[PDB]
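Only one chain is included here, represented as structure tokens and corresponding to the form deposited in one PDB entry.
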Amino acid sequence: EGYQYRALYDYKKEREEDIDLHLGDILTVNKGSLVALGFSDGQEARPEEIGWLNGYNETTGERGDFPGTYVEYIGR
């Protein structure tokens, strides 16, 4: 239930709002928490053209926002 992507790049938890991303990580970004900004029906599947997405990195058991370009939506 939500758009889950894969970590294409590695990011370092810099801002207290972003989290730690690493190639091979799994980001569980719900569908509402993502459209909570106003995206369009279909943008949720475009982290590179989305900007930032709040997902759950199960690999690190952490939750927060991250650079969408460093991910790759792959499905639910």
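The first residue of the sequence shown is number 1, and the count goes up from there.
Although it is not shown, the form deposited with a partner chain bound is what the next lines describe.
With a 4.5 Å cutoff on heavy atoms, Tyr70 counts as touching its partner chain in the deposited bound form.
Using a 4.5 angstroms limit between non-hydrogen atoms, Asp20 is distant from its partner chain in the deposited bound form. Although the partner is absent here, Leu34 is not a contact residue: none of its heavy atoms lies within 4.5 angstroms of its partner chain in the deposited bound form. Among heavy atoms of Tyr56, none comes within 4.5 Å of its partner chain in the deposited bound form.
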